[PDB]
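When the letters of the sequence shown are read in order and numbered with the entry's author numbering, they come out as residues 3 to 36, 46 to 298.
Report on the following structure.
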Amino acid sequence: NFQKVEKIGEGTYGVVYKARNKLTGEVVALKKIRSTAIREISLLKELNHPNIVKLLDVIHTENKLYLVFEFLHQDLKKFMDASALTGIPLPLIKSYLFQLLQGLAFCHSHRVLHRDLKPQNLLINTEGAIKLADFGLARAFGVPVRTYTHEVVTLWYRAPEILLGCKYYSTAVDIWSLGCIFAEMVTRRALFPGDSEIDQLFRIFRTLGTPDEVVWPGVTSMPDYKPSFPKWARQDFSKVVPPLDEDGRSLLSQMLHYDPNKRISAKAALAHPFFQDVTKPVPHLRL
Ligand SMILES: CC(C)c1cnn2c(NCc3ccccc3)cc(NC[C@H]3CCNC[C@@H]3O)nc12
């Protein structure tokens with residue numbers, strides 16, 4: 003049914019090809035992965060939003076699960092690499108953040124989490140849109156330590172409650188990841204580039220302060236919390252994300268609250284004064 007055009011990427015779970023539907027003529031991204048999973052994933056065919064990469068079809072055959080997605084011409088990680096020398100202009104950053112919070116707000120209203128947001132999962136088009144890829148896949152299959160190609164699954168965007176062993180992730184884990192992504196677009200460097208769970212957690216602690224019962228009630232009771240964690244002081248955001256303005260720094264602070272109950276929701280974030288002058292700029296793309 004599908005003519006492969008080219009290999010475009012490697013997902014957590016399987017290879018992705020650009021492909022053409024042989025009888026509709028449609029160009030699609032075809033994910034090939036080598046049955047609660049099938050039910051859960053089938054449900055995602057109905058979770059449709061303009062900022063969520065469209066799941067067109069789920070095809071289970073021959074010990075393989077094919078997910079047929081809408082095709083987008085570039086990812087944000089590539090966009091960010093391509094703009095390394097002047098950075099993404101702030102208005103486009105704000106537009107992108109605003110549109111991703113809409114995607115989160117939508118899925119979270121339906122109690123679907125992503126749980127593995129990262130630049131690689133943010134795809135863009137020539138219309139100035141940005142969309143979230145792989146929503147719902149982590150609940151269906153888990154998030155493994157390595158991908159199907161053995162590549163290390165990045166920890167850089169992982170919320171602290173996950174690293175401390177909380178088993179019952181809330182929608183707040185996506186807000187944490189998206190705040191790390193926001194900081195990275197602004198500064199052009201990963202905010203917390205951990206290379207192990209403990210290095211990730213100590214990178215967080217060194218910037219935001221080691222958490223305690225004062226900022227995060229119940230934290231000392233979490234499974235992987237140790238009294239022996241070093242006790243680091245918090246730094247000013249002014250130093251973390253220059254030259255983000257006061258509104259942006261205030262929003263980023265609320266997206267990176269330790270306590271998941273206090274972390275801003277996607278819906279409340281949409282109302283933040285940072286978005287008072289939000290516009291939809293069209294980026295420059297080399298296809
Ligand atoms: C599977 C679906 C989510 C998808 C739609 N467009 N598209 C593009 N397009 C960007 C692109 C186009 C052409 C060449 C390279 C990259 C790349 C890509 N890469 C594999 C992704 C899928 C999601 N997770 C991270 C992986 O890198 N996955 C997708």
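Built from N, CA and C at the ideal position, the CB exists for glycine as well.
Rounded Cβ spacing between residue i and residue j (contact assumed at less than 8 angstroms)
i: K34; j: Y77; result: 5 angstroms
i: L58; j: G147; result: 7 angstroms
i: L296; j: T137; result: 5 angstroms
i: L174; j: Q131; result: The Cβ separation is near 20 angstroms, so there is no contact.
i: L128; j: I192; result: 7 angstroms
i: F240; j: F216; result: 7 angstroms
i: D185; j: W227; result: In fact, because the Cβ distance is near 18 angstroms, the residues do not count as touching under 8 angstroms.
i: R122; j: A149; result: Actually they are not in contact, since the Cβ atoms of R122 and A149 sit about 14 angstroms apart, beyond 8 angstroms.
i: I104; j: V197; result: 6 angstroms
i: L87; j: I141; result: 7 angstroms
Rounded separation between residue i and residue j - CA only
i: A194; j: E73; result: 43 angstroms
i: residue 39; j: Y236; result: Within the chain, the sequence of modelled residues goes 36 then 46, so residue 39 has no position in this structure.
i: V230; j: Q110; result: 32 angstroms
i: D288; j: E172; result: 33 angstroms
i: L124; j: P100; result: 29 angstroms
i: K250; j: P222; result: 19 angstroms
i: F286; j: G139; result: 17 angstroms
i: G205; j: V163; result: 12 angstroms
i: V156; j: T165; result: 9 angstroms
i: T47; j: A151; result: 7 angstroms
i: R36; j: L67; result: 19 angstroms
i: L83; j: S232; result: 43 angstroms
i: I209; j: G176; result: 12 angstroms
i: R214; j: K178; result: 22 angstroms
i: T97; j: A280; result: 27 angstroms
i: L134; j: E81; result: 11 angstroms
i: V79; j: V69; result: 6 angstroms
i: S207; j: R200; result: 18 angstroms
i: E224; j: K273; result: 13 angstroms
i: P294; j: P238; result: 48 angstroms
i: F248; j: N3; result: 52 angstroms
i: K65; j: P254; result: 35 angstroms
i: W243; j: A170; result: 18 angstroms
Neighbour-count burial assignment, residue i, 16 or more Cβ in a 10 Å radius
i: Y168; result: buried
i: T182; result: buried
i: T14; result: buried
i: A95; result: exposed
i: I49; result: exposed
i: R245; result: exposed
i: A31; result: buried
i: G16; result: buried
i: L298; result: exposed
i: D256; result: exposed
Heavy atom of ligand 1 within 8 angstroms of residue i beta-carbon
i: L134; result: yes
i: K20; result: yes
i: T14; result: yes
i: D86; result: yes
i: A31; result: yes
i: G11; result: yes
i: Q131; result: yes
i: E172; result: no
i: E8; result: yes
i: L83; result: yes
i: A144; result: yes
i: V184; result: no
i: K278; result: no
i: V164; result: no
i: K75; result: no
i: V64; result: yes
i: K89; result: yes
Cβ-based neighbour list, residue i, same chain, cut-off 7 angstroms, excluding 5 preceding and 5 following
i: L267; result: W187, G190, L219
i: residue 2; result: There is simply no residue 2 to check, as the chain begins at 3 and stops at 298 in what is shown.
i: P284; result: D258
Same chain, Cβ closer than 6 angstroms to residue i, neighbours up to 5 away in sequence not counted
i: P102; result: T290, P292
i: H119; result: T182, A277
i: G114; result: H60, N62, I63, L143
i: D145; result: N132
Residue i: CB within 8 angstroms of a non-hydrogen atom of ligand 3
i: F80; result: This structure lacks ligand 3; its bound ligands are ligand 1.
Contact set for residue i: own chain, Cβ-Cβ below 8 angstroms, skip 5 residues either direction
i: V7; result: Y19, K20, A21, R22, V29
i: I275; result: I186, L262, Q265, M266, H268, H283
i: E12; result: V18, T158, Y159, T160, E162
i: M91; result: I99, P130, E195, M196, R199
i: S53; result: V69
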